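Have a look at the structure below, then the notes.
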Amino acid sequence: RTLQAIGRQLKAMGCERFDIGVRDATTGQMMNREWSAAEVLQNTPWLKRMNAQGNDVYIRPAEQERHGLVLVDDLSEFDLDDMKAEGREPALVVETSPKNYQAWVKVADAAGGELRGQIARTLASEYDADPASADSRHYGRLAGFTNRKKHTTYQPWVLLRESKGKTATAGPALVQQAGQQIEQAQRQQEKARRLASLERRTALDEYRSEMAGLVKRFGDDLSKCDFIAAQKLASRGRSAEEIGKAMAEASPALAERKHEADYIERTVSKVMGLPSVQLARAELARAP
């Protein structure tokens, strides 16, 4: 029955190539192989050996396979009833343990990773399924093997329950919805872009940023502006030299001097003597 189940599952999935995952439930050890459907069947003896030795057997379409299959994990029989009645008909259903199911939903003949991942999250949300399982590259279980990851008197079998292989009624609609949601996100991105436009950063950039706000409220005391900006830069770990050089280049109060060097030195000296600056710097020194 193992061979027959694998054969039906591969046909229902419909891919040319698959990733097969083999994981030791006790130890943690992992192997991944990429195989044609013919090669998966050719390797059934080895997979059964590995399963008997305590390994779970997993399956997904290969990377850069062109497909529209989306995995939905941790479903009840009632969840599947709802899915079917809403046009999210499974292309196949796998029982992973008693009363616990996975479905693969075919939304298109081909859909990129971007759309599939969005749909996976959408379907997991729609049916309150496992969100951690919702991504374009998540492994499902391969039918025909024992679940090694237990009942009283014994380890449950992974069973292929249905395997129609047909595109869901809502497939084209789910592809449209995903595209609309991505387009919406992109509009908000453009909004945030345009907003920042109206409103890589060195000591100089840091100084100018602080000043632009300080001169609006303290426009009659540009040296005070310097003092507050210097205090902020010094509290954030900037050097006395970094701050001096920034003032030398960009300070309006400095441009009035001459002398220049003395004003900078005194500004930096006063700032470095402040308990606030000393404590902030000491607390910074304890960070990586």
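Annotations for the structure displayed:
- Added length on full extension, which subtracts the Cα-Cα distance from 0.36 nm per residue, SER239 to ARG200: 12.3 nm
- Between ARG193 and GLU16, the FRET efficiency from the beta-carbon distance, with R0 = 41 Å, is close to 0.50.
- The residues packed around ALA62, meaning those with a beta-carbon under 12 Å from its beta-carbon, carry a net charge of -1 if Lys and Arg are +1 and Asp and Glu are -1.
- Three semi-axes describe the equivalent ellipsoid of the range 223-274; taken as square roots of 5 times the Cα gyration tensor eigenvalues and ordered largest first, they are 17, 10, 10 Å.
- Distance between modelled label sites at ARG281 and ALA110, nm, 7 Å Cα→Cβ extension: 6.3
- Dimensions (Å) - the chain, Cα atoms, principal axes, largest first: 94, 43, 34
- Diffusion coefficient of the range 138-221 by Stokes-Einstein, Kirkwood radius over Cα pairs, 10 °C, 1.306 mPa s: 78 µm²/s.
- Taking only the Cα atoms of the range 67-169, the radius of gyration and Dmax are 13.4, 45 Å.
- The length gained on full extension between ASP81 and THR27, counted as 0.36 nm times the residue separation minus their Cα-Cα distance, comes to 15.7 nm.
- The rule of thumb for compact globular proteins, 2.2 N^0.38 Å, goes into the C-alpha radius of gyration of the range 129-284 2.07 times.
- With viscosity 0.890 mPa s and temperature 25 °C, the Kirkwood radius over alpha carbon pairs of the range 1-121 converts through Stokes-Einstein to a diffusion coefficient of 159 µm²/s.
- Per-selection Kirkwood Rh - the range 1-66 (Cα, Å, 1 d.p.): 12.2
- Across the range 199-288, counting alpha-carbon atoms alone, Rg and Dmax equal 12.8, 41 Å.
All Cβ positions, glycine included, derive from the backbone under ideal geometry; neighbour counts span all protein chains shown. A short reminder: the numbers here are calculations on the coordinates, not readings from a lab.
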